[PDB]
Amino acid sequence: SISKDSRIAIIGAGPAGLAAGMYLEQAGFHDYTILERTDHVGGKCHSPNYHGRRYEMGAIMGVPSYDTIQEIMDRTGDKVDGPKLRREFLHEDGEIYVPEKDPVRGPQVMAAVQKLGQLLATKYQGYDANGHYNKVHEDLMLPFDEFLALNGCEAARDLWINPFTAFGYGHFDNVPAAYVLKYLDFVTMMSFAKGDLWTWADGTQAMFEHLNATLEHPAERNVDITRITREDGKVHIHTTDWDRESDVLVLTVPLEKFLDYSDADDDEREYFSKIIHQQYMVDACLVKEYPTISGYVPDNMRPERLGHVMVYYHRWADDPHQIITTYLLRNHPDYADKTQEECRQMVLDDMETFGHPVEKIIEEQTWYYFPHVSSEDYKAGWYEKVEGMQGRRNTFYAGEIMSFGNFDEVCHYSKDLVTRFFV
């Protein structure tokens, strides 16, 4: 429905933008340009060097059902070749426990998991589709805990919480089930629970760097876009060094932030203003009494413990002078959010409690993480509206807000965007 000769501007060279480029190009659209604000590609797949090995400041892992990322590796020749992930569980006092072996709670949890699985397989078919343009069951629009309570599956939250809340995506009291279950669908949940998890020796960034290089048009970097306007059936992009016209705009960058440098119409301003996000903070640490395994702290995943370390990543087992990254959240809709300063101190205090005291923090990043909307906004039909706007003034909406904030979901979405509107 769009001509192959169209000049397509793709904003952002993260996974979503690079995938958009890949799949446009493979569909015969050769006149695309990817515009990246920073000097690097990969976005939140960001794998810096330290003493000859790359550590992860952002994304780390995948599961075997990451089919779109497999397609990307097929193209780049990259392989899943990183160190194996292994985990223990700690209480907030640092004591090691084995929740799977609890003879009372364990069965309750796994019975709820069984029950939920069947609801997903029968009543809630369609729940796991990529994106939100196929309207999900109304129950899925409620916060996850409410969704679970409606079906008597509350205890299943013990299994779902670990790769969700600890992983920055927020808390089941408020995050709609729709996101939780598109990310952690039954198969994905099962893979995680099993530890069947992809990692990369060269970092998740590496395959995106390699993908960018395979493109007919590798991303243009250091592009400071000051204004985008969309008059006369055209797209006009003003940057600090040039201003140029395009036929189509594909956005893989934060849509609320897009309002600030664009001729955003009333609907764009109205809806994109409803976007909320997570403040997910990662500290790259050198530690004494080096851990022997990664640690998760369910106690610190409760909203009452906001800002505490929920998980830390043991990446390079053989070298106790390698980087251990820690993970915490600074926000929750029903709490005063936490400062960088007080959270950094909890990193220190928590790691000390866990028996792996921090000697040095070499890097720290609060990420713009998991853009989404509230249950109320989801229920009021946020996605019916925005997806209805796809193509308005030659503009297409993609990236994390349109799908889910993991790198397979956004790439899958970019791939399908080509199929939906372009081919």
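The first residue of the sequence shown is number 1, and the count goes up from there. Each form is matched to the other, and the largest set of C-alpha atoms that superpose within 1.5 Å is called the rigid core.
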Between 95-103 and 225-233, the one drifting more in C-alpha RMS in 5 other deposited structures of this protein once the core is aligned is 95-103
Average Cα temperature factor in the PDB entry - higher stretch of 331-339, 186-194 = 331-339
Do the CA atoms of 385-393 or those of 54-62 have the higher mean B-factor in the entry?
-> 385-393
Scanning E209, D267, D202, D318 for peak Cα temperature factor in the entry gives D267
From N162, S294, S246, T326, can you pick the one with the highest C-alpha B factor in the entry?
-> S246
Against its chain's modelled residues, does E256's Cα B factor rank lowest, middle or highest third?
-> highest
Quick tally, chain-level thirds of C-alpha B-factors: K379 sits in the highest
Where the record places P143 (Cα B-factor, split into thirds across the chain) | middle
Grab the CA temperature factor for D173 from the record and place it in the lowest, middle or highest third of its chain.
-> middle
Grab the CA temperature factor for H30 from the record and place it in the lowest, middle or highest third of its chain.
-> highest
